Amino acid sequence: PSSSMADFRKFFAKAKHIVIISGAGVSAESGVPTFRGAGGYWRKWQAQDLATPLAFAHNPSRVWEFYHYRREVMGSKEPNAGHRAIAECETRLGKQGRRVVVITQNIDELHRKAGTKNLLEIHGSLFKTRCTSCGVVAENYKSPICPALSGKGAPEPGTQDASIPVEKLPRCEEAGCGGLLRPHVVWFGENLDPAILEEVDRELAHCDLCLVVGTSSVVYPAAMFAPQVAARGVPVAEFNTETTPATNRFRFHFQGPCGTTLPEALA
């Protein structure tokens, strides 16, 4: 792939509908713990262990403890120069009648915090709940999400499980339900929301420029959004610290932290 910023800029100057696919590398730059790698653990598990239907079915209290800790740490995390360059790009181009949409795998909402309005969160959000009984989804920013989780979630190895009884975990407040809430986060092995995927497909079909930023490009189906785009001949530019298996399928590859490359690319 090419590494010509000048050539990318020539495409960027002309594009009227830009799709920006963002992955955990954008969150990593804000110091947000991903628990994916390389040895990133919460006390004795990683995200592969706890972000699963299995985990929630065996030990919903431990899963909530994990997500509680992640909700709490967000209070000390802020968007980085990558988030901000993306948000400013959307607002600036919007004035010119040009569309910028962010499709993010990230659940930390930092794109929103930076000001992005046109955002598809394909894996959910740490700050939404879903009721396991009625299915209602709701925004929830409360610290702590429930009284039993106050002071819990500590990440140090050896920390005892809170072992909160399921009736003291977050419960649905819909009249007559009272069911157990889960984080509204897509877990490994679960299907993504068809309506969101319908929106994703509409943007991919109409864009004339596509950026893939901070993404390892092995998690499906998100690792197959950009190939469909390049097939129509639209340029795909990758911003990542390392080549991925999907690198040689892109028009541009700009190595380095996306907070360093994006402000120049989107200026």
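So that the term is clear: the rigid core is the largest set of C-alpha atoms that superpose within 1.5 Å between two forms. In this text, residue numbers run from 1 along the sequence as written.
S.K.: After fitting on the rigid core, which stretch moves more in 8 other deposited structures of this protein, 159 to 167 or 107 to 115, going by C-alpha RMS?
M.R.: Comparing 159 to 167 with 107 to 115, the larger C-alpha deviation in 8 other deposited structures of this protein belongs to 159 to 167.
S.K.: Tell me which stretch, 121 to 129 or 81 to 89, has the higher mean Cα B-factor listed in the entry.
M.R.: Mean C-alpha B-factor is greater for 81 to 89.
S.K.: Identify the stretch, either 152 to 160 or 67 to 75, whose C-alpha atoms have the larger mean B-factor according to the entry.
M.R.: Going by the record's values, the stretch with the higher mean is 152 to 160.
S.K.: Please work out which residue in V200, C210, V218, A55 has the highest C-alpha B-factor recorded for this crystal structure.
M.R.: Going by the entry's C-alpha B-factors, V218 comes out highest.
S.K.: Per the entry's Cα B factor values, which of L204, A222, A51, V26 stands out as the maximum?
M.R.: Checking the PDB record, the top C-alpha B-factor among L204, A222, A51, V26 is at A222.
S.K.: Among the chain's modelled residues, which third holds the C-alpha B-factor of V236?
M.R.: Its C-alpha B-factor, which the entry lists for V236, ranks in the middle third among residues of this chain.
S.K.: Looking at the C-alpha B-factor of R99, is it in the lowest, middle or highest third of its chain?
M.R.: According to the entry, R99 has a C-alpha B-factor in the chain's lowest third.
S.K.: Which third of the chain holds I145 when residues are ordered by C-alpha B factor: lowest, middle or highest?
M.R.: Within its chain, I145 is a middle-third residue by C-alpha B-factor, going by the deposited values.
S.K.: Where does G179 sit by CA temperature factor within its chain: lowest, middle or highest third?
M.R.: For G179, whose C-alpha B-factor we compare with every modelled residue in the chain, the answer is the highest third.
S.K.: Where does the C-alpha B-factor of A138 rank in its chain, lowest, middle or highest third?
M.R.: Its C-alpha B-factor, which the entry lists for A138, ranks in the lowest third among residues of this chain.
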